[PDB]
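Okay, so here's just one chain, in structure tokens, the form deposited in one PDB entry.
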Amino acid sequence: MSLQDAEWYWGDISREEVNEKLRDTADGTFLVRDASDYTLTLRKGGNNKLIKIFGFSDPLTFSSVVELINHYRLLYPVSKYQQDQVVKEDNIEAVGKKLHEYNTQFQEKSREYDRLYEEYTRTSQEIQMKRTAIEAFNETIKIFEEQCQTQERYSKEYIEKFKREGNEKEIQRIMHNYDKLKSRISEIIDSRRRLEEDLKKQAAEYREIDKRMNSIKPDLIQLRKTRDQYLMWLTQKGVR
């Protein structure tokens, strides 16, 4: 019953175009297209099965290609219709005007995604640098604290002895160095504190870039698919 007017027949479309259509579909989703005789593609167990139409295995009872599909109807068809619902416009001029609009919107949105993706990468790299730097401050601070401990373990006996010899200049020399050591540790700790601050801010700046990107990604895919739909409409309407 009827032929090329059939919703599931798609003609010259490639395996790749069918893979795009059958992507994430339910078992029984199918469509027929020209080979390289025609090829029925059937969605089953998360895969697209390619079944050659010679009748599958011989002899036949093929009648016409439509009788074969309708015999097994191979649940849901991928209709030519509703894809052609996307382009409302009547004439070639209204469609070309709309293709130019969408294509211009797509190129802007693409350049915005690219710019946003570069800032995502840079922020992600920078965050990793600061994390290594805080680990380096952590190891540095530990060494300077060990110096305090080591100075404390030694001087304890020497300062105690230096008082017996009335040498106030030597005790003041020792504790002047301990002041130098403590001030330095406070300078290193403060420098780590500030790096910890920048990282908290840049980690928040990363969440927001990720958020912004999860918003444009679906809108860029949809806009490209419309640009492409108007492009396909304009090829078929125009001279071949």
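So that there is no doubt, residue numbering starts at 1 and follows the sequence shown. We call the rigid core the largest set of C-alpha positions that still match within 1.5 Å between the two forms.
Student: I'd like the number of residues from the deposited sequence that lie between residue 73 and residue 74 yet are not in the model, binned as none, 1 to 3, 4 to 9, or 10 or more.
Tutor: Unresolved stretch here: 10 or more residues.
Student: Please classify the unmodelled stretch of the deposited sequence between residue 36 and residue 37: none, 1 to 3, 4 to 9, or 10 or more residues.
Tutor: 4 to 9 residues are missing.
Student: State which stretch shows the higher mean Cα B factor in the entry: 123 to 131 or 154 to 162.
Tutor: Between 123 to 131 and 154 to 162, it is 154 to 162.
Student: Which is higher on average in the deposited entry, the C-alpha temperature factors of 218 to 226 or of 16 to 24?
Tutor: Stretch with the higher mean C-alpha B-factor: 16 to 24.
Student: Among 177, 191, 64, 202, where is the Cα temperature factor highest, going by the PDB entry?
Tutor: The record points to 64.
Student: Between 138, 147, 104, 85, which one tops the list for C-alpha B-factor in the PDB entry?
Tutor: Reading the PDB entry, the winner on C-alpha B-factor is 85.
Student: Going by the CA temperature factor in the PDB record, which third of the chain does residue 93 belong to: lowest, middle or highest?
Tutor: Ranked within chain, residue 93 CA B lands in the middle tercile.
Student: In terms of the chain's CA B-factor thirds, is residue 196 lowest, middle or highest?
Tutor: Its C-alpha B-factor belongs to the middle third of this chain's values.
Student: Considering only modelled residues of the same chain, in which third does the CA B-factor of residue 209 rank: lowest, middle or highest?
Tutor: Bottom third by C-alpha B-factor.
Student: Taking only the Cα B-factors deposited for this chain, tell me whether residue 69 sits in the lowest, middle or highest third.
Tutor: Ranked within chain, residue 69 CA B lands in the highest tercile.
Student: Name the third of the chain's ranked CA B-factors that contains residue 185, choosing lowest, middle or highest.
Tutor: CA B-factor rank for residue 185: middle third.
FYI, the form deposited in another entry isn't displayed, but the following is about it.
Student: Using the rigid core as the fixed frame, list which single one of 138, 128, 149, 121 shifts its Cα by at least 2 angstroms between the shown form and the other one.
Tutor: Flagged residue: 149.
Student: Against the rigid core, is the Cα displacement of residue 174 between the shown form and the other one at least 2 Å?
Tutor: It does, since the residue 174 C-alpha is displaced 2 Å or more between the shown form and the other one after the core fit.
Student: Does residue 105 shift between the shown form and the other one by 2 angstroms or more at the C-alpha, the core having been superposed?
Tutor: False for residue 105: its C-alpha shift is below 2 Å.
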